[PDB]
Amino acid sequence: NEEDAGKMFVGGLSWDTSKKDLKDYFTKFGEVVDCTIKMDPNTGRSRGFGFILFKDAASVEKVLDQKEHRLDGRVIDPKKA
């Protein structure tokens, strides 16, 4: 594995989605150890994607089993990081 087995990329995030909103959505699939919404270091503006870290890597397969993911009125794109 190139990235941690419990880590996922999450694209298509709405601007009004907070770190807490992100954590609460993925709590449905496993325990979320941590998460982040990536900011542009030059502008401070959101890049519109983030990362989530699960306690148990088994939760990643449960996220990917669900074909469609929706958060704060947007289709979000979870992927193995």
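Residues numbered from 1 in each chain as written, not as in the entry; some residues may be left out. Heavy atoms only, no water. Residues with missing side-chain atoms left out of burial classes, pairs and counts.

Per the PDB record, the structure was determined using X-ray crystallography to 2.1500 Å resolution.

Participant: Could you give me a rundown of the pairing of strand β1 (residues 7–11), with the residues and numbers involved?
Facilitator: Relative to strand β3 (residues 46–54), β1 is paired through 5 bridges, and the arrangement is antiparallel. The partner of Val10 across the bridge, within β3, is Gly50. Two strands pair when backbone bridges link them, and β1 and strand β5 (residues 74–80) are joined in this way by 4 bridges, in the antiparallel orientation. Looking across to β5, one finds that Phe9 is bridged to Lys79. (Pairing = 2+ DSSP bridges. Helix = DSSP H or I, 4+ residues; strand = E, 2+ residues; numbered from the N terminus.)

Participant: Describe helix α1 (residues 19–26), naming the residues involved and giving the relevant values.
Facilitator: For the α-helix, the turn length of 3.6 residues means that residues three or four positions removed from each other point alike. Looking only at α1, the buried set comprises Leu22, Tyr25 and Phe26. The arc that holds the buried residues of α1, viewed along the axis, is 90 degrees, so those residues lie on one side. If you follow the buried residues of α1, they end up packed against β1, β2 (32–39), β3, α2 (58–65), β4 (69–71) and β5. Where α1 begins, the capping side chain belongs to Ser18, and its oxygen is found 3.4 Å from the backbone nitrogen of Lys20. (Buried < 20%, exposed > 50% of the residue type's maximum accessible area, 1.4 Å probe, protein only. Arc of directions from axis to C-beta. Contact = heavy atoms within 4.5 Å. Polar contact = N/O pair within 3.5 Å; in protein donor to acceptor, adjacent residues only side chain to side chain.)

Participant: Pulling in residues and values, what's your account of the pattern of salt bridges?
Facilitator: Tallying each qualifying case throughout the model produces 5 salt bridges. Between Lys19 and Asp34 there is a salt bridge, with its nearest N and O atoms 2.9 Å apart. You can see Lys19 sitting in helix α1 and its partner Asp34 sitting in strand β2, a full 15 residues away along the chain. The class for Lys19 is partly exposed, based on a relative accessible area of 43%. Residue classification places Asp34 among the partly exposed positions, given a relative accessible area of 41%. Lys79 serves as the salt-bridge partner of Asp77, at 3.7 Å between the closest nitrogen and oxygen. (Salt bridge = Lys/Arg side-chain N within 4 Å of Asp/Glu carboxyl O.)

Participant: Mind laying out the sheet that holds β1, listing which residues take part and the relevant values?
Facilitator: Here 5 strands make up an open sheet; going across it, the order is β2-β3-β1-β5-β4 and the pairing antiparallel. Both outer strands of the open sheet, β2 and β4, are each paired with one neighbouring strand and no more. In this sheet, neighbouring strand axes are inclined to one another by 30 degrees on average, regardless of whether the strands run parallel or antiparallel. Where β4 and β5 come together, 3 bridges link them in antiparallel fashion. Looking at the pairing, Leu71 lines up with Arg74 of β5. Those strands touched by α1 are β1, β2, β3, β4 and β5, and its axis lies near 135 degrees from that of β2. Helix-sheet contacts for α2 involve β1, β3, β4 and β5, and the interaxial angle to β5 is about 140 degrees. (Axes fitted to C-alpha atoms, helices over the stretch in contact; angles between N-to-C directions.)

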